[PDB]
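Written below as structure tokens is the structure these notes are about.
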Amino acid sequence: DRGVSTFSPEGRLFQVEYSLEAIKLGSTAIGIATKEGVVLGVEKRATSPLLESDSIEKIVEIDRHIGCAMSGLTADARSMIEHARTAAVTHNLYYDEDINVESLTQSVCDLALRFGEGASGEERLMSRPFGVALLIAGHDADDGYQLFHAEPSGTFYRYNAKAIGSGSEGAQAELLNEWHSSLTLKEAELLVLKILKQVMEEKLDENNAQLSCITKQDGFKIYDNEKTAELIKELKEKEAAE
Amino acid sequence: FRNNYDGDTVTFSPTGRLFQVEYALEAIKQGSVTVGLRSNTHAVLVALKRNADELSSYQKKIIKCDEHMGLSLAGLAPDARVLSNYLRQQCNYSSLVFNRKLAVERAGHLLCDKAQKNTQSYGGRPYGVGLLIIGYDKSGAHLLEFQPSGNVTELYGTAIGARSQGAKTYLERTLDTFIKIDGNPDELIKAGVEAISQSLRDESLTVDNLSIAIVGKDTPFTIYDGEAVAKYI
Amino acid sequence: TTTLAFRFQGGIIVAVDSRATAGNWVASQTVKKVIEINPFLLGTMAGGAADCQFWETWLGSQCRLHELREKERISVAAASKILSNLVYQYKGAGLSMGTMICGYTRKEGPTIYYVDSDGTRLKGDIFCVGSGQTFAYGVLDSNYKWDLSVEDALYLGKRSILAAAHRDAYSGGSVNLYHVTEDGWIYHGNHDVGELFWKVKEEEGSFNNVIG
Amino acid sequence: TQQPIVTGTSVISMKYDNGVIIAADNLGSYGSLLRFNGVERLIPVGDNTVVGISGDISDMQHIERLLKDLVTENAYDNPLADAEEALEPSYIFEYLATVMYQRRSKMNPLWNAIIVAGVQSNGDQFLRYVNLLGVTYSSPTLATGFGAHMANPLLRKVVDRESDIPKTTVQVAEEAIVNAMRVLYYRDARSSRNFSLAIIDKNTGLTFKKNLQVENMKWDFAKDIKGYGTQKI
Amino acid sequence: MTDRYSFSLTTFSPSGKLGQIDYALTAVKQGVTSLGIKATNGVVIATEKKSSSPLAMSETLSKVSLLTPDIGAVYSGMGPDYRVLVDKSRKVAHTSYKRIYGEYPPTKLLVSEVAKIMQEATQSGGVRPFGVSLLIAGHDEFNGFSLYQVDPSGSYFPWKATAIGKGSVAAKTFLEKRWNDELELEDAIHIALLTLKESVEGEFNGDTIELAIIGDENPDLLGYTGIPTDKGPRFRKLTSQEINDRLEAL
Amino acid sequence: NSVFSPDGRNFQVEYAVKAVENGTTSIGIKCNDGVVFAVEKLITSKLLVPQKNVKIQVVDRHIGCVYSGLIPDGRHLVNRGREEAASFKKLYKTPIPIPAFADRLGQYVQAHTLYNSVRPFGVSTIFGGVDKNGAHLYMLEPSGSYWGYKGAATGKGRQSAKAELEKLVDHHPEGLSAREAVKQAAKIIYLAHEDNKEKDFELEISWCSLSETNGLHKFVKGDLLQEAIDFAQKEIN
Amino acid sequence: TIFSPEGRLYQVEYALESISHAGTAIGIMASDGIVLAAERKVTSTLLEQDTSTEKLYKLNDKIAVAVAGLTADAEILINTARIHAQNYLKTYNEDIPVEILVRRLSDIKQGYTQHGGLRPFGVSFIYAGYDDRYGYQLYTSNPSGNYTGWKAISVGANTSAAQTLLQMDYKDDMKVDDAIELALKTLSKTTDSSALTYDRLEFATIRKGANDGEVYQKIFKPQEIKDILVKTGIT
Amino acid sequence: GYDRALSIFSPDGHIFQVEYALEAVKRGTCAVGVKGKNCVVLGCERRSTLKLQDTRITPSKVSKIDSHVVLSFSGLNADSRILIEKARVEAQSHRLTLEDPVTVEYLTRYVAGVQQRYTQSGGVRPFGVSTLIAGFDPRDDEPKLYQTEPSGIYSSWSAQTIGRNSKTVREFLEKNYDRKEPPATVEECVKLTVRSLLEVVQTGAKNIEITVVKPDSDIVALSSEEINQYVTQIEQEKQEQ
Ligand SMILES: Cc1ccccc1CCC(=O)N[C@H](C(=O)N[C@@H](CCc1ccccc1)C(=O)NCc1ccccc1Cl)[C@@H](C)O
Ligand SMILES: [Mg+2]
Ligand SMILES: [Mg+2]
């Protein structure tokens, strides 16, 4: 244990790789982009039955047109959300418009880079990389509905669908089979609920899993517990008939 | 000899080697292939974009620096962002202060000097990205190769990244032919797509796979992706 | 400039003129002296146009940030205090602003705060602000009653700005009208003093120092 | 805060068909003391540019050193420093205009009025003005201080608009400059009889003429002037 | 350019030892003997001038130093560490005291300031403790005569008599046998000389020994007359000849 | 770096010298009114553009620098030398004397052998020019050590280069012109390349001469270069 | 300043370890006063007793500390504590309440425990003070920055043995004279030396101004310790 | 001056220093909090080892952050004071700028951020502390209880416990706490809180301390005598079968 920004002989950054391991230990979060909106769903994973589950905030609003789901060391995500919200509001202040989803993501990934000490060139005010990944969903006029995966490595990919957290290997293979360009928002809602149901230890209900979407018309919405419950019914009845 | 001598960039090995730098060099070889080449009138970047998944975007390898200059990346992508932003600033400063387009050669020297400082400072790491820089300035077409050791060399053609040794040998073989593709953008690009093919254990190069860029005598630096590259496959 | 806001039985009336000046030169007759911060929050502008525009636009940003952070609309008390506190940091540097923050929340009811560049911040039911303030006050105060109908209270606001637009060289153009309720800001139109004056004279029989 | 001490008076200039002409006298004034007599206020930069400076002479000497350092700096790691990447008039100008504007913005101006004269590498005439406020403008004729009031009207009788430039020879232009210098010597109490003149031609290159003198002066009519009204003898 | 040891180099060991302070004290132990004896009307500090070469000129290197007109110091351990400590001690007497109260610090407080300077070298990042122990002898109006020891850790103790360095245990023993509270200064000087002879290998004379006293005021050393309340330094370095004079009836 | 070995050595600096030895060979020759600098440029591939990866660097107007080892470390040193030469000229008006400049670089290179947070430079630098009192040529090692030279060489071909240089000093004790010294530099680089005959090379020459360049640093190009190449090709066979 | 896999602070533990070798210091709180007694670290006949204070320090007119650990570390902290008391006096025109002073000092120690890579202060304090809110108070602070209040307490060597003896003989309705006795008896029983004589002790009280209505700190001169040592029957 | 990284990632993905900070909490005295229908009760154990303490003056574990919000903790006592001070400052600052006292969630979110920050800053170690924050939002009657840990994670709980043997008392609370029938009033809420401690304390004289929080800034400590009567009735009732 010598340095925090040391390369291995293979040419990988040690600490960056290990932070990616921390994300694998987190709750599952799934996002699906359609032409009618982008759905974001998460596993809540209460550590005890006395935990009040609705105090678990793994889906957060960034701006009316941008929301995000988190997985990993979730406390690390606060300052990332704060930066995202500031960047979006600041952009609207400077430019009388909504920030592009891609631009917002690039901003959050710039912030992710600022670990180390100073790095002979600029300045760094963080001792370690973030231990958390983000799924960033939104709409803008140029590129429509968008899903990005923001990693503590400072890279980000656009996805048609994406799973992060402890169940991500199984969920991603599932998403590979189920996703098609013609999906409705209702079909996406059901798929997220289905694939979470598969990978979760506990039995999925309206208290241990949470749903949200972002549509151009209504913006970013976190579905309340009554609405998801009714969508769970609909999934139970759909699968049981096949 | 490799044991206690690779903990930082501030230590020489008993051979006189800097292992952290050599390890950073190793991240370039891990990168997806990109090719650069030029004639007297134009310079072309060709890059094989890589996806994480079949559900994912293919990540960009080409960055515009000014109207007359841009680069392609192989290695750590966030490092390319840091270095291209610096280059965009140097390009900008030159225009604003001197009303002068930055010479591609000077861009090379500035990148070199920047990389160097990170091969000698405790607490920092070297850059882990290779870059190919094309541009058209007051002395015509130019291609550069940047290694994060700080070595920058001017070349008629080159390739960096995984399996790039094929493309390089190809270009070395075709030298006398492509150097003379003057006044013909489409032929020069064709020869670039030709070159990147000698670096495929991968497959067929698709419309999602391929990224091309051009700059030249009467062409600003321009990036082609998606449907706009189909006519070269 | 003339701006006013008053509280009555049925909420808040906000009314402003639309004249911009530089010295004696009339710069514009169609300027927006109300900023809609959110569906329940309004700001009025008097003094330096830039100072007002810039900082009340900024205020909107800070208010939106509160919504995201706390998952709730910002109180009128707190929105005004943000602007009050910023302006107080700048004290003596020459900022020039006379401002009212008007709106509704569940906890507060309809609320008006006056905030100026001296750093003064006051809660109250009736404020007139700007070079035309005294003229607006004259008409408003002598016809104000708590129990005014919505239609009457809107008219009193309208009539008070017209009064100031008439007498104050630095007011004029048009009246912009707003009503603030439970669900609250509703726009009640732009009213060009060109037509409004003659109309009001005709229908009301007032303005008798005027010929024709 | 700051005030000029030792000063130089007009710098006058015009475009002719193939280049530019610029002149300034050799005086360094100290208020109303004609203190220094061998002052060169024309500064060649390379062989395509002359910079003419009026105002505070200490600031002029500072600007000389900036110009010389700029030639040094441009030659660094630049194999084309005496060809394609030689300093252009427009580069030198933009640089100075940047310095002038920054210095005025910091409330610490360079107390000067400057004319950059020369020929671009494409053969185009370059003539531009910048002063202590960072104000810049270009014209077929340019002059500073008294020259603005007295030389311009004479020079504008020759080149009144853009289209007059192809019509104007070195001989005609120089004749007009030399004459305007005489007029300035008649009416400017801070002027000198000795001046330098430089021509920058697209075919001839740079001709720098030192130790020129106002000749052909009319003074004979002075003898007939008696008293200030009524006096007859 | 920049320090990469912004942490303490003196740290606690599992058993509670502060290693670097212990090791500094070992360096003091190998040092040439120095000592101090307090009398009723004076203090004497003494030490041996162990010369590095006979080509060297031992008068150009004083181990006994004036700190204020009424305060002197001697040491055992690393000479160069002493030299710089004396500079800082002289300076701190002025900056922290004389420039404030227009008079020189009393002995205990100056000792207190020196101790602080040594303590800091024990806690600050990137430094080793000082490799010295000081004996500081002084006078001041309200505390009379005093003698202090200061160690690498920053500890100080008031002594009637003590010794430090090489043969310190035997010398402390010889001093317990000889000291009493009725000693005049000349008696204390005599004991200082005797105690020092056991610790000294080679020649023992006014050229190889270094001795100074804190006695009464020397108006002849002041440099000026006319202000009656200014009476002169109490610190006095004894000459070679003065030492030899006392070694004859030894 | 800041670490002395039990017998007074600095292993890190000794290791830095190894990076230098691994470098391309470069030389300098002091003639009767100036100095000449030559360097071996390895042609890795036909793709390298000829004449277009210039190694020799100018400092101010009257100084040339060449180095072997880690090329970027050399550029870093030349940047510093340029700041150092500008600072001198700004205050003292006169262009920096070559010995003055030598010490500037020396002190800078030496500073990088004082601190644990820094590595020594991985270059040796041969530099010089003409000043108020004649020609001067210098060589500067990773330790900061530097002396004046009659002739100097560094890098892989150093031993054979030094042998050739030593012969010239014996056969011409009475000075030796700038025009000859250029020819002879091309020769010595060609002879030094013998080691690396597996890969092809390119020759770069610069000179600063009182009579031939008017005391300014100037790259040898065109016919003068070709004449020097022909001489070296001739005398190798 | 880093954590062990056990969740312990190495350097803090080792500082605490170092303190358990320092001379024992005892504090006892009675209804009409406080007692502070401490054992000097084995010395010499030649130590100047009359001008020596290695263990007992005055913080202001109403507060004192007994030290166990490095004296030089303690002087650093004492000096800042003295300054802190005067700042409070200047700000409020009232003497600093004892807890407020103790908390601040304990916070300074805590800091070294959490940031900066410096070693902790190898010091434990017993604070003996009076104010008009809690009357007589006794507190303790160690290198961790933790602090606690006590009716009777010891620090340094043999704290375990001294603590048991105090637990045995202590009673709430004690007078100061009874507390003087208890402290000296306890030190006598826990000493690692032949006899507890005057030359090996520092002793102090905080009473009621001899006869006034005020509070008085008596720091015992050597002679007085010798006298009080005979009175209690240890000669 | 010193900002070297001490909190870093392990090969398996954990931050060792944060994990070891949790260990420091594990060994600290137990603390518990349960919420009634119209109150929240906070209980803490005091160790047996030393009982010659002055209870008038010794810092207690329950601290008022503002007049409507309390904080208790388990772990390093000295570390807790830093968090309590910053939280108190933030409380006044919030009253100053928003003209309203903090909500319990706001105060918790703030304390948790401070904790988080000390896990990603050079030259600082994480807080060896976990906290229970409880009270009532201004003009609200719905009781609030939150838990924070060294990582900076926070959440709300009907009832929760931290410190040594918290596993046992959590197990007790999981069995005895009914969500649809929460302790109807103060008395039965206090009783359940004392019962849960009695699983771990083993004489529990003045060894148990209690604080009750009610709506509108009504916060009171309980005395020895008042606690005694609870412990007495508990073991007397729970004997017959
Ligand atoms: C402050 C400054 C610095 C440098 C140069 C100029 C200036 C002042 C520029 C000005 O006077 N602008 C006018 C202005 O603010 N006018 C004021 C009245 C004059 C004044 C009063 C007090 C301070 C400064 C200026 C106005 O119309 N104000 C009404 C108004 C109009 C539009 C939006 C908001 C508001 Cl409040 C605009 C309209 O061009
Ligand atoms: Mg009007
Ligand atoms: Mg050599």
Side-chain angles (χ1 to χ4, degrees), chain E residues 5-21 36-38 107-108 111-126 129 143-163 169 172-173 175-181, chain G residues 1-2 4 8-22 40-55 57 67-80 82 108-109 111-113 115-124 143 156-157 199 222:
Chain E
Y5 299 91
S6 37
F7 44 85
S8 289
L9 302 185
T10 304
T11 67
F12 296 95
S13 70
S15 64
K17 312 271 191 194
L18 285 163
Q20 287 293 311
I21 292 163
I37 317 173
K38 190 173 78 194
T107 309
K108 58 187 179 180
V111 162
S112 197
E113 298 289 350
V114 192
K116 185 182 194 286
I117 291 152
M118 294 170 78
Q119 194 285 331
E120 292 167 334
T122 265
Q123 198 165 14
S124 295
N143 303 269
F145 293 96
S146 56
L147 174 72
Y148 288 86
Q149 183 182 328
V150 195
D151 285 352
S153 77
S155 286
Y156 60 91
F157 322 92
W159 289 103
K160 296 160 184 182
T162 196
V169 186
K172 293 215 290 294
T173 286
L175 295 171
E176 281 172 60
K177 194 175 144 64
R178 291 302 220 104
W179 192 90
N180 65 76
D181 66 344
Chain G
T1 82
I2 68 151
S4 74
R8 294 174 184 275
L9 304 161
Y10 293 113
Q11 283 297 122
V12 181
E13 304 311 315
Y14 303 159
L16 282 167
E17 174 59 30
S18 139
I19 284 157
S20 77
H21 298 297
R40 296 168 167 272
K41 212 68 206 295
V42 172
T43 30
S44 174
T45 338
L46 255 33
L47 191 91
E48 187 60 83
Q49 252 274 255
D50 280 39
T51 63
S52 193
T53 69
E54 68 172 284
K55 294 195 85 79
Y57 294 83
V67 176
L70 295 323
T71 329
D73 280 22
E75 303 220 352
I76 298 297
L77 295 172
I78 282 157
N79 178 68
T80 88
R82 290 178 173 174
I108 296 163
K109 287 163 171 188
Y112 276 73
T113 273
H115 42 73
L118 308 179
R119 67 164 185 81
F121 296 91
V123 162
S124 277
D199 59 288

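Below, all heavy atoms of this structure are taken into account, side chains as well, without hydrogens, waters or symmetry copies. Numbered from 1 within each chain, the chains take letters A, B, ... in sequence-line order.
Taking all atoms of both residues into account, the shortest heavy-atom contact from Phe12(E) to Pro120(G) is CE1-O, 3.5 Å. Minimum interatomic distance between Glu17(G) and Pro14(E) (heavy atoms only, all atoms of both residues): CG-O, 3.6 Å. Nearest heavy atoms, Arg119(G) versus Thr10(E): CD-O, 3.3 Å.
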* When you look at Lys41(G) and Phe157(E), which way does the side-chain contact (heavy atoms from CB on, under 4.5 Å) test go after all the steps? -> CA-CA 12 Å; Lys41(G) 212 68 206 295; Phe157(E) 322 92; over 6 Å; no

* Between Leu70(G) and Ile21(E), does a side-chain contact (heavy atoms from CB on, under 4.5 Å) hold up when you go through it step by step? -> CA-CA 11 Å; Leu70(G) 295 323; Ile21(E) 292 163; 6.0 Å; no

* Asked: What do the steps show when you test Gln11(G) against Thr11(E) for side-chain contact (heavy atoms from CB on, under 4.5 Å), and what is the final call?
  -> CA-CA 8 Å; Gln11(G) 283 297 122; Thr11(E) 67; 3.6 Å; yes

* side-chain contact (heavy atoms from CB on, under 4.5 Å) evaluation trace for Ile76(G) with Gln119(E) -> CA-CA 9 Å; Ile76(G) 298 297; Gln119(E) 194 285 331; 3.6 Å; yes

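Residues satisfying the salt bridge (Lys or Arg N to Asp or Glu O under 4.0 Å) criterion with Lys109(G), sequence neighbours excluded, are absent altogether. Shown here are the side chain to side chain donor-acceptor pair (under 3.5 Å) partners of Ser155(E), two or more places apart in sequence or in another chain: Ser153(E).
Side-chain contact between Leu46(G) and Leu175(E) is present, with heavy atoms from C-beta onward closer than 4.5 Å.
Of the atoms belonging to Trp159(E), heavy atoms from both backbone and side chain fall under 4.5 Å from chain G. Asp73(G) touches chain E through backbone and side chain together, each having a heavy atom under 4.5 Å away. Residue contact with chain E, scored on non-hydrogen atoms closer than 4.5 Å, involves the backbone and the side chain of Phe121(G) alike. For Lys172(E), the part lying under 4.5 angstrom from a heavy atom of chain G is the backbone only.
If you tally non-hydrogen atom pairs under 4.5 Å between each of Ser13(E), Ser124(E), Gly125(E) and chain G, the highest count goes to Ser13(E). By number of non-hydrogen pairs under 4.5 angstrom with chain G, the leading residue of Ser6(E), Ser146(E), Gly16(E), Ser8(E) is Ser8(E).
The distance from atom CD of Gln149(E) to atom CG of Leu47(G), rounded to the nearest 0.5 Å, is 10.0 Å.
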